[PDB]
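Undergrad: Sharing input37.csv, CSV, C-alpha atoms:
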```csv
chain,number,residue,atom,x,y,z
A,1,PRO,CA,77.1,41.2,27.6
A,2,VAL,CA,79.6,42.3,24.9
A,3,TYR,CA,80.8,46.0,24.7
A,4,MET,CA,82.2,46.9,21.3
A,5,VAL,CA,84.5,49.9,21.9
A,6,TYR,CA,85.5,52.0,18.9
A,7,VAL,CA,88.6,54.1,19.3
A,8,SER,CA,91.4,55.5,17.1
A,9,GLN,CA,94.7,53.5,17.1
A,10,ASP,CA,97.2,54.7,19.6
A,11,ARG,CA,94.7,56.9,21.4
A,12,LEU,CA,94.6,54.4,24.3
A,13,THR,CA,97.7,52.9,25.7
A,14,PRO,CA,97.5,49.2,26.7
A,15,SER,CA,97.3,50.5,30.2
A,16,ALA,CA,94.4,52.8,29.4
A,17,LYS,CA,92.6,50.0,27.5
A,18,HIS,CA,92.7,47.9,30.6
A,19,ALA,CA,91.4,50.7,32.8
A,20,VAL,CA,88.6,51.5,30.3
A,21,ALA,CA,87.7,47.8,30.2
A,22,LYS,CA,87.7,47.5,34.0
A,23,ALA,CA,85.6,50.7,34.2
A,24,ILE,CA,83.0,49.4,31.8
A,25,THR,CA,83.0,45.9,33.4
A,26,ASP,CA,82.7,47.2,36.9
A,27,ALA,CA,79.8,49.5,36.0
A,28,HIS,CA,77.9,46.6,34.4
A,29,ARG,CA,78.5,44.1,37.2
A,30,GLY,CA,77.7,46.8,39.8
A,31,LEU,CA,74.5,48.0,38.3
A,32,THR,CA,73.1,44.8,36.8
A,33,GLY,CA,74.5,42.2,39.1
A,34,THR,CA,75.7,40.1,36.1
A,35,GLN,CA,79.0,38.2,37.0
A,36,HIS,CA,82.2,39.9,35.9
A,37,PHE,CA,83.4,37.1,33.7
A,38,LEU,CA,80.1,37.4,31.7
A,39,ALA,CA,81.2,40.9,30.4
A,40,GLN,CA,83.3,41.1,27.3
A,41,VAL,CA,85.0,44.3,26.2
A,42,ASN,CA,86.2,44.2,22.6
A,43,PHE,CA,88.3,47.1,21.5
A,44,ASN,CA,88.1,47.9,17.7
A,45,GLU,CA,90.7,50.4,16.7
A,46,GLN,CA,90.9,52.3,13.4
A,47,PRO,CA,93.5,54.8,12.0
A,48,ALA,CA,92.9,58.4,13.0
A,49,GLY,CA,90.6,60.0,10.4
A,50,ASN,CA,87.9,57.3,10.1
A,51,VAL,CA,85.4,59.2,12.3
A,52,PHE,CA,83.1,62.0,11.0
A,53,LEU,CA,80.7,64.0,13.1
A,54,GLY,CA,78.3,66.1,11.1
A,55,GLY,CA,80.3,65.3,8.0
A,56,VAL,CA,83.5,66.7,9.6
A,57,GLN,CA,86.6,64.5,10.0
A,58,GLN,CA,87.5,64.2,13.6
A,59,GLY,CA,90.8,63.6,15.5
A,60,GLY,CA,91.4,60.5,17.5
A,61,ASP,CA,89.4,61.5,20.7
A,62,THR,CA,86.0,60.0,20.0
A,63,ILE,CA,85.1,56.8,21.8
A,64,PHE,CA,81.9,54.9,20.8
A,65,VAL,CA,80.7,52.3,23.2
A,66,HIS,CA,78.2,50.0,21.7
A,67,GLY,CA,76.9,47.7,24.4
A,68,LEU,CA,75.1,44.5,23.3
A,69,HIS,CA,72.8,43.5,26.2
A,70,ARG,CA,70.3,40.8,27.2
A,71,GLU,CA,66.8,42.2,27.1
A,72,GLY,CA,64.8,42.7,30.3
A,73,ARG,CA,66.3,45.6,32.2
A,74,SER,CA,64.4,48.8,33.0
A,75,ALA,CA,64.9,52.0,31.2
A,76,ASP,CA,66.0,53.7,34.4
A,77,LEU,CA,68.7,51.1,35.0
A,78,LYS,CA,69.9,51.2,31.4
A,79,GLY,CA,70.0,55.0,31.8
A,80,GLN,CA,72.1,54.8,34.9
A,81,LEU,CA,74.4,52.2,33.3
A,82,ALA,CA,74.9,54.5,30.3
A,83,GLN,CA,75.7,57.5,32.4
A,84,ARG,CA,78.0,55.4,34.7
A,85,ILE,CA,79.9,54.3,31.6
A,86,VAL,CA,80.3,57.9,30.5
A,87,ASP,CA,81.6,59.2,33.8
A,88,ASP,CA,83.9,56.2,34.5
A,89,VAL,CA,85.3,55.9,31.0
A,90,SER,CA,86.0,59.6,30.9
A,91,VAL,CA,88.0,59.2,34.1
A,92,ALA,CA,89.7,56.0,33.0
A,93,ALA,CA,90.7,57.4,29.6
A,94,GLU,CA,91.3,60.9,30.9
A,95,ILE,CA,89.2,62.0,28.0
A,96,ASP,CA,86.5,64.7,28.1
A,97,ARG,CA,83.0,63.4,28.4
A,98,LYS,CA,81.9,65.2,25.2
A,99,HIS,CA,84.0,62.7,23.3
A,100,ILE,CA,82.0,59.7,24.6
A,101,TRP,CA,79.0,58.2,22.8
A,102,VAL,CA,77.2,55.2,24.3
A,103,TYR,CA,74.5,53.0,22.6
A,104,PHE,CA,72.8,49.9,24.1
A,105,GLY,CA,71.3,47.2,21.9
A,106,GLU,CA,69.2,44.4,23.2
A,107,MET,CA,68.4,40.8,22.4
A,108,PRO,CA,66.5,38.0,24.1
A,109,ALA,CA,68.7,35.7,26.1
A,110,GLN,CA,67.7,32.8,24.0
A,111,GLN,CA,69.7,34.1,21.0
A,112,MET,CA,72.8,34.9,23.0
A,113,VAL,CA,75.8,32.5,23.6
A,114,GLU,CA,78.7,33.2,25.8
A,115,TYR,CA,81.7,30.8,26.3
A,116,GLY,CA,80.1,28.4,23.9
A,117,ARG,CA,77.1,27.9,26.1
B,1,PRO,CA,72.7,58.3,15.1
B,2,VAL,CA,75.9,56.3,14.4
B,3,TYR,CA,76.6,54.8,11.0
B,4,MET,CA,79.2,52.0,11.1
B,5,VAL,CA,80.6,51.7,7.6
B,6,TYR,CA,82.6,48.5,6.8
B,7,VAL,CA,84.9,48.8,3.8
B,8,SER,CA,88.2,47.3,2.7
B,9,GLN,CA,91.4,49.2,3.3
B,10,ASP,CA,92.5,51.5,0.5
B,11,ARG,CA,89.2,51.1,-1.4
B,12,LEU,CA,88.2,54.6,-0.3
B,13,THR,CA,90.6,57.5,-0.5
B,14,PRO,CA,90.4,60.0,2.3
B,15,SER,CA,88.5,62.2,-0.2
B,16,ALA,CA,86.0,59.5,-1.0
B,17,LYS,CA,85.6,58.7,2.8
B,18,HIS,CA,84.6,62.4,3.3
B,19,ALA,CA,82.2,62.3,0.4
B,20,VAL,CA,80.6,59.1,1.6
B,21,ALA,CA,80.3,60.5,5.1
B,22,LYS,CA,78.7,63.7,3.8
B,23,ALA,CA,76.3,61.7,1.6
B,24,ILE,CA,75.1,59.5,4.5
B,25,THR,CA,75.0,62.5,6.9
B,26,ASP,CA,73.0,64.7,4.4
B,27,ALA,CA,70.6,61.9,3.7
B,28,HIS,CA,69.9,61.4,7.5
B,29,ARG,CA,69.5,65.1,8.2
B,30,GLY,CA,67.4,65.6,5.1
B,31,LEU,CA,65.0,62.8,5.7
B,32,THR,CA,64.7,62.7,9.5
B,33,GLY,CA,65.4,66.3,10.4
B,34,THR,CA,67.9,65.3,13.0
B,35,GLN,CA,70.7,67.9,13.3
B,36,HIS,CA,73.9,67.3,11.2
B,37,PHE,CA,76.2,67.2,14.2
B,38,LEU,CA,74.1,64.4,15.7
B,39,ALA,CA,75.2,62.0,13.0
B,40,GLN,CA,78.4,60.1,13.4
B,41,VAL,CA,79.9,58.1,10.5
B,42,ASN,CA,82.5,55.6,11.7
B,43,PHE,CA,84.6,53.9,9.0
B,44,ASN,CA,85.9,50.4,9.9
B,45,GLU,CA,88.4,49.2,7.3
B,46,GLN,CA,89.7,45.7,7.0
B,47,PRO,CA,92.3,44.1,4.7
B,48,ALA,CA,90.9,42.9,1.4
B,49,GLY,CA,89.7,39.3,1.7
B,50,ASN,CA,87.8,39.5,4.9
B,51,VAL,CA,84.4,39.6,3.2
B,52,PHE,CA,82.6,36.5,2.1
B,53,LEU,CA,79.3,36.4,0.2
B,54,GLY,CA,77.6,33.0,0.0
B,55,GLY,CA,80.9,31.6,1.3
B,56,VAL,CA,82.9,33.1,-1.6
B,57,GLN,CA,85.8,35.4,-0.8
B,58,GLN,CA,85.1,38.9,-2.3
B,59,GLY,CA,87.3,41.7,-3.5
B,60,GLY,CA,87.4,45.1,-1.8
B,61,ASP,CA,84.2,46.6,-3.3
B,62,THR,CA,81.6,45.7,-0.7
B,63,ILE,CA,80.3,48.5,1.6
B,64,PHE,CA,78.2,47.5,4.5
B,65,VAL,CA,76.4,50.4,6.2
B,66,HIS,CA,75.1,49.5,9.6
B,67,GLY,CA,73.0,52.4,10.9
B,68,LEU,CA,72.3,52.6,14.6
B,69,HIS,CA,69.1,54.7,15.0
B,70,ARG,CA,66.8,56.0,17.6
B,71,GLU,CA,63.5,54.2,17.6
B,72,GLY,CA,60.3,55.9,16.5
B,73,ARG,CA,60.5,56.5,12.7
B,74,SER,CA,58.0,55.0,10.3
B,75,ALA,CA,58.8,52.0,8.0
B,76,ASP,CA,58.3,54.2,4.9
B,77,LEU,CA,60.8,56.8,6.2
B,78,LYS,CA,63.4,54.2,7.1
B,79,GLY,CA,62.8,52.7,3.7
B,80,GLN,CA,63.4,56.0,1.9
B,81,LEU,CA,66.5,56.7,4.1
B,82,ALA,CA,67.9,53.2,3.3
B,83,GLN,CA,67.4,53.8,-0.5
B,84,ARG,CA,68.7,57.3,-0.4
B,85,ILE,CA,71.9,56.0,1.3
B,86,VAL,CA,72.3,53.4,-1.5
B,87,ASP,CA,71.9,55.9,-4.3
B,88,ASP,CA,74.0,58.6,-2.8
B,89,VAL,CA,76.8,56.4,-1.5
B,90,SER,CA,77.0,54.7,-4.9
B,91,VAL,CA,77.6,58.1,-6.4
B,92,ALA,CA,79.9,59.4,-3.7
B,93,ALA,CA,82.1,56.2,-3.8
B,94,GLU,CA,81.7,55.7,-7.6
B,95,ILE,CA,80.8,52.2,-6.7
B,96,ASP,CA,78.1,50.1,-8.3
B,97,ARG,CA,74.9,49.9,-6.2
B,98,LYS,CA,75.1,46.1,-6.1
B,99,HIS,CA,78.1,46.4,-3.7
B,100,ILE,CA,76.1,48.3,-1.1
B,101,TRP,CA,74.4,46.6,1.8
B,102,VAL,CA,72.5,48.8,4.4
B,103,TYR,CA,71.0,47.6,7.7
B,104,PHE,CA,69.2,49.8,10.3
B,105,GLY,CA,69.2,48.9,14.0
B,106,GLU,CA,67.0,50.7,16.5
B,107,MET,CA,67.1,51.6,20.2
B,108,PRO,CA,65.0,53.7,22.5
B,109,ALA,CA,66.4,57.2,23.0
B,110,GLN,CA,66.7,56.5,26.7
B,111,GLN,CA,69.7,54.2,26.2
B,112,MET,CA,71.5,56.4,23.7
B,113,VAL,CA,74.2,58.9,24.6
B,114,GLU,CA,75.9,61.3,22.2
B,115,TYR,CA,78.6,63.8,23.1
B,116,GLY,CA,78.5,62.5,26.7
B,117,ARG,CA,74.9,63.7,27.2
C,1,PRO,CA,71.9,38.3,6.8
C,2,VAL,CA,75.3,39.8,7.8
C,3,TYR,CA,77.6,38.0,10.2
C,4,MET,CA,80.2,40.3,11.8
C,5,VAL,CA,83.0,38.0,13.0
C,6,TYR,CA,85.5,39.5,15.5
C,7,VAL,CA,88.8,37.7,15.7
C,8,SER,CA,92.4,38.6,16.6
C,9,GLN,CA,94.7,39.2,13.6
C,10,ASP,CA,96.7,36.1,12.5
C,11,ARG,CA,94.5,33.7,14.6
C,12,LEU,CA,92.8,32.5,11.5
C,13,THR,CA,94.7,31.7,8.3
C,14,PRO,CA,93.0,32.7,5.0
C,15,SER,CA,92.1,29.0,4.7
C,16,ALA,CA,90.5,28.9,8.2
C,17,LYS,CA,88.6,32.2,7.4
C,18,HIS,CA,87.1,30.5,4.4
C,19,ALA,CA,86.2,27.4,6.4
C,20,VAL,CA,84.6,29.5,9.1
C,21,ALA,CA,82.7,31.6,6.6
C,22,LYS,CA,81.4,28.4,4.9
C,23,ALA,CA,80.5,26.9,8.2
C,24,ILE,CA,78.4,29.9,9.2
C,25,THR,CA,76.9,30.3,5.8
C,26,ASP,CA,75.9,26.6,5.5
C,27,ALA,CA,74.3,26.7,8.9
C,28,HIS,CA,72.2,29.7,8.1
C,29,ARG,CA,71.1,28.4,4.7
C,30,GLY,CA,70.5,25.0,6.1
C,31,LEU,CA,68.4,26.1,9.1
C,32,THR,CA,66.6,29.2,7.7
C,33,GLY,CA,66.3,28.3,4.0
C,34,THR,CA,67.7,31.7,3.0
C,35,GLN,CA,69.7,31.5,-0.2
C,36,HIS,CA,73.5,31.2,0.3
C,37,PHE,CA,74.4,34.4,-1.7
C,38,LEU,CA,72.2,36.3,0.8
C,39,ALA,CA,74.6,35.6,3.7
C,40,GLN,CA,77.5,37.9,4.2
C,41,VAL,CA,80.4,37.0,6.6
C,42,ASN,CA,82.5,40.0,7.4
C,43,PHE,CA,85.7,39.3,9.4
C,44,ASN,CA,86.9,42.2,11.6
C,45,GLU,CA,90.4,41.4,12.9
C,46,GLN,CA,92.1,43.4,15.7
C,47,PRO,CA,95.6,43.1,17.2
C,48,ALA,CA,96.0,40.5,20.0
C,49,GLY,CA,95.2,42.2,23.3
C,50,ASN,CA,92.0,44.1,22.4
C,51,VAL,CA,89.7,41.6,24.1
C,52,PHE,CA,88.9,41.6,27.8
C,53,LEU,CA,86.7,39.1,29.6
C,54,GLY,CA,85.8,40.1,33.2
C,55,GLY,CA,88.3,42.9,32.9
C,56,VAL,CA,91.2,40.5,32.1
C,57,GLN,CA,93.1,40.9,28.9
C,58,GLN,CA,92.8,37.7,26.7
C,59,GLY,CA,94.9,36.0,24.1
C,60,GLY,CA,93.8,35.8,20.5
C,61,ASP,CA,91.4,32.8,20.8
C,62,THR,CA,88.1,34.6,21.3
C,63,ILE,CA,85.7,34.6,18.4
C,64,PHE,CA,82.6,36.8,18.7
C,65,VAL,CA,80.0,36.2,16.0
C,66,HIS,CA,77.4,39.0,15.8
C,67,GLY,CA,74.7,37.9,13.5
C,68,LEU,CA,72.4,40.6,12.0
C,69,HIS,CA,69.2,38.9,11.0
C,70,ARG,CA,65.8,39.7,9.5
C,71,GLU,CA,63.0,39.5,12.1
C,72,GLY,CA,60.5,36.7,12.0
C,73,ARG,CA,62.2,33.5,13.1
C,74,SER,CA,61.1,31.5,16.1
C,75,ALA,CA,63.2,31.3,19.3
C,76,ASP,CA,63.7,27.6,18.8
C,77,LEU,CA,65.1,28.1,15.3
C,78,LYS,CA,67.4,31.0,16.4
C,79,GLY,CA,68.5,28.8,19.3
C,80,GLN,CA,69.4,25.9,17.0
C,81,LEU,CA,71.2,28.3,14.5
C,82,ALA,CA,73.2,29.8,17.4
C,83,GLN,CA,74.3,26.3,18.6
C,84,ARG,CA,75.0,25.1,15.1
C,85,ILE,CA,77.3,28.0,14.6
C,86,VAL,CA,79.1,27.2,17.8
C,87,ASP,CA,79.7,23.5,17.0
C,88,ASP,CA,80.6,24.1,13.3
C,89,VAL,CA,82.8,27.1,13.9
C,90,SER,CA,84.7,25.3,16.6
C,91,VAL,CA,85.4,22.5,14.1
C,92,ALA,CA,86.2,24.9,11.2
C,93,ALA,CA,88.6,27.0,13.3
C,94,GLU,CA,89.8,24.0,15.4
C,95,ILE,CA,89.2,26.2,18.4
C,96,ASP,CA,87.6,25.1,21.7
C,97,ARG,CA,83.9,25.9,22.0
C,98,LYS,CA,84.5,27.9,25.2
C,99,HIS,CA,86.1,30.6,23.0
C,100,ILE,CA,83.0,31.2,20.9
C,101,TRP,CA,80.4,33.9,21.7
C,102,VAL,CA,77.4,34.3,19.4
C,103,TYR,CA,74.8,37.1,19.5
C,104,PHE,CA,71.9,37.6,17.1
C,105,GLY,CA,70.3,41.0,16.4
C,106,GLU,CA,67.1,41.4,14.5
C,107,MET,CA,65.5,44.0,12.2
C,108,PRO,CA,62.4,44.2,10.1
C,109,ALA,CA,63.1,43.3,6.4
C,110,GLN,CA,61.9,46.8,5.4
C,111,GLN,CA,65.0,48.4,6.8
C,112,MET,CA,67.5,45.9,5.3
C,113,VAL,CA,69.2,46.2,1.9
C,114,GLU,CA,71.4,43.6,0.3
C,115,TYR,CA,73.1,44.0,-3.0
C,116,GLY,CA,71.7,47.5,-3.3
C,117,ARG,CA,68.1,46.2,-3.4
```
Output the structure of this file as structure tokens.
TA:
Amino acid sequence: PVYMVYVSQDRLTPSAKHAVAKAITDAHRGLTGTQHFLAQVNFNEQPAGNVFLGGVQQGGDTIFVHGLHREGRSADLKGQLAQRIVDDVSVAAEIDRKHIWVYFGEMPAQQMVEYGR
Amino acid sequence: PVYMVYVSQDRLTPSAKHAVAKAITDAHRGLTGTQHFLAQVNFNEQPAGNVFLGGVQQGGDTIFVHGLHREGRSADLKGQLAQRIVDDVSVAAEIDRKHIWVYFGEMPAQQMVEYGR
Amino acid sequence: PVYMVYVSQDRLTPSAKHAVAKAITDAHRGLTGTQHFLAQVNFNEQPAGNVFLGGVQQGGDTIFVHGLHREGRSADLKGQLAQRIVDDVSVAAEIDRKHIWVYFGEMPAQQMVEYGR
């Protein structure tokens, strides 16, 4: 799959970015059984002040993980994976769980290409 | 929900960004009844020249609103919400309606986490 | 439709960006019959080092094409369009096919607005 991770520039050091990527990647491999190399984590950073919750401009602590998955997994599994990402990312980024949002989108495998194949 | 808003850097002043966020947030709360704090607006800015319509490189006026919603709302409602966003954002950003694109994506509530819960 | 294209800053020159946009746009028009002007290509660039495959930090060669489409097209067609994008983008960006990922997301036409309509 592909995990788009939206964070504020400078909030995560290159070291934290790696730890967050590993956390997400390990959770996915661990719970779905999909090979590690098949998981992409793409960080999209924006200047502080581009996030609004309830119309209020936030700091740089929000982290929105948008996971693009292959269809076919149970609701219970996706639920566990979503929670696992929250707990592990919170630890990896040393950021309070309340700052983490996670949304999973699905698509049939037939319209998904990874590594050009 | 989470509204990813793609704009060109500098096109929206911090003041306009707030107005655009409030517009979108008010429309969602107003039409769906979902609490204000449950609506996130995430602005993703890119340098002018990263947008192409029909293969032609555009200026910095395009605004693409990609709304990530919870499944379960009628087509009529989503239709009204989409239009409401077009009218209100056009007013908030003082930008002609023709520059506004709006796409809604849906996901079951079970694979959606907000505020770590 | 709207094609979000995630690349690393400076990897694509403005000339390559245009060629990549045309490639994608031509493939979509050619295979679906949807008018050229109805296809938006939105490049989202990030500094080198924001991409991780299998938890490993990559260079600036990855290109993730996330196509947001209107529902209703066959699996075979979406399959051909996905492949066509891989071949043509690889040529347009003079980048090896292994660096190209392509994911298609779908939504009913009723919750899709282009050019404010």
Undergrad: Wanna dump the chain A-chain B contacts at 7 Å for me, each residue with its shortest atom pair and the distance in Å to one decimal, counting only C-alpha atoms, ordered by chain and number, as CSV?
TA:
```
residue,atom,partner,partner_atom,distance
A:46,CA,B:44,CA,6.4
A:50,CA,B:43,CA,4.9
A:51,CA,B:42,CA,4.7
A:52,CA,B:41,CA,5.1
A:53,CA,B:40,CA,4.5
A:54,CA,B:37,CA,3.9
A:55,CA,B:22,CA,4.8
A:75,CA,B:110,CA,6.6
A:78,CA,B:111,CA,6.0
A:79,CA,B:111,CA,5.7
A:82,CA,B:111,CA,6.6
A:86,CA,B:116,CA,6.2
A:97,CA,B:116,CA,4.9
A:98,CA,B:115,CA,4.2
A:99,CA,B:115,CA,5.5
A:100,CA,B:116,CA,4.9
A:101,CA,B:114,CA,4.4
A:102,CA,B:113,CA,4.8
A:103,CA,B:112,CA,4.7
A:104,CA,B:111,CA,5.7
A:105,CA,B:107,CA,6.3
```
Undergrad: Kindly give the distance, in Å, that separates CA of residue 62 in chain A and CA of residue 49 in chain A, rounded to a single decimal.
TA: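 Computing the Euclidean distance for CA of residue 62 in chain A and CA of residue 49 in chain A yields 10.6 Å.
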Undergrad: Work out how far CA of residue 28 in chain A is from CA of residue 88 in chain A, in Å to one decimal.
TA: 11.3 Å
Undergrad: What's the separation between CA of residue 47 in chain B and CA of residue 95 in chain B, in Å to one decimal place?
TA: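 Answer for the CA of residue 47 in chain B to CA of residue 95 in chain B separation: 18.1 Å.
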Undergrad: Would you pull range 25-65 of chain C out of the block just shown and save C-alpha atoms as a PDB file, in the first residue's frame?
TA:
```pdb
ATOM      1  CA  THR C  25      -3.744  13.387 -20.031  1.00  0.00           C
ATOM      2  CA  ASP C  26      -3.419  11.765 -23.469  1.00  0.00           C
ATOM      3  CA  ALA C  27      -3.681   8.279 -21.989  1.00  0.00           C
ATOM      4  CA  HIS C  28      -6.880   9.161 -20.130  1.00  0.00           C
ATOM      5  CA  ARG C  29      -8.528  10.902 -23.080  1.00  0.00           C
ATOM      6  CA  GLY C  30      -7.419   8.166 -25.433  1.00  0.00           C
ATOM      7  CA  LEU C  31      -8.665   5.235 -23.354  1.00  0.00           C
ATOM      8  CA  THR C  32     -11.776   6.685 -21.673  1.00  0.00           C
ATOM      9  CA  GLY C  33     -12.910   9.199 -24.271  1.00  0.00           C
ATOM     10  CA  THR C  34     -13.239  11.896 -21.608  1.00  0.00           C
ATOM     11  CA  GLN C  35     -12.430  15.360 -23.012  1.00  0.00           C
ATOM     12  CA  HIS C  36      -8.857  16.586 -22.510  1.00  0.00           C
ATOM     13  CA  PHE C  37      -9.846  19.722 -20.558  1.00  0.00           C
ATOM     14  CA  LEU C  38     -11.617  17.484 -18.033  1.00  0.00           C
ATOM     15  CA  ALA C  39      -8.317  15.975 -16.910  1.00  0.00           C
ATOM     16  CA  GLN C  40      -6.322  17.757 -14.208  1.00  0.00           C
ATOM     17  CA  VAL C  41      -2.765  16.821 -13.328  1.00  0.00           C
ATOM     18  CA  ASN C  42      -1.644  18.244 -10.011  1.00  0.00           C
ATOM     19  CA  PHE C  43       2.044  17.844  -9.181  1.00  0.00           C
ATOM     20  CA  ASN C  44       2.857  17.695  -5.464  1.00  0.00           C
ATOM     21  CA  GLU C  45       6.617  17.927  -4.912  1.00  0.00           C
ATOM     22  CA  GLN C  46       8.425  17.246  -1.625  1.00  0.00           C
ATOM     23  CA  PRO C  47      12.095  17.473  -0.642  1.00  0.00           C
ATOM     24  CA  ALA C  48      14.205  14.413  -1.409  1.00  0.00           C
ATOM     25  CA  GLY C  49      14.058  12.021   1.524  1.00  0.00           C
ATOM     26  CA  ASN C  50      10.340  12.050   2.253  1.00  0.00           C
ATOM     27  CA  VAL C  51       9.757   8.678   0.556  1.00  0.00           C
ATOM     28  CA  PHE C  52      10.262   5.322   2.262  1.00  0.00           C
ATOM     29  CA  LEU C  53       9.846   1.911   0.647  1.00  0.00           C
ATOM     30  CA  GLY C  54       9.856  -0.996   3.098  1.00  0.00           C
ATOM     31  CA  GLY C  55      11.008   1.442   5.756  1.00  0.00           C
ATOM     32  CA  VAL C  56      14.075   2.446   3.708  1.00  0.00           C
ATOM     33  CA  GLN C  57      14.586   6.103   2.766  1.00  0.00           C
ATOM     34  CA  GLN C  58      14.629   6.500  -1.024  1.00  0.00           C
ATOM     35  CA  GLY C  59      16.208   8.938  -3.438  1.00  0.00           C
ATOM     36  CA  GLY C  60      14.144  11.279  -5.595  1.00  0.00           C
ATOM     37  CA  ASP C  61      13.191   8.806  -8.332  1.00  0.00           C
ATOM     38  CA  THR C  62       9.825   7.513  -7.086  1.00  0.00           C
ATOM     39  CA  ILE C  63       6.696   8.810  -8.833  1.00  0.00           C
ATOM     40  CA  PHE C  64       3.323   8.013  -7.290  1.00  0.00           C
ATOM     41  CA  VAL C  65       0.337   8.712  -9.519  1.00  0.00           C
TER      42      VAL C  65
END
```
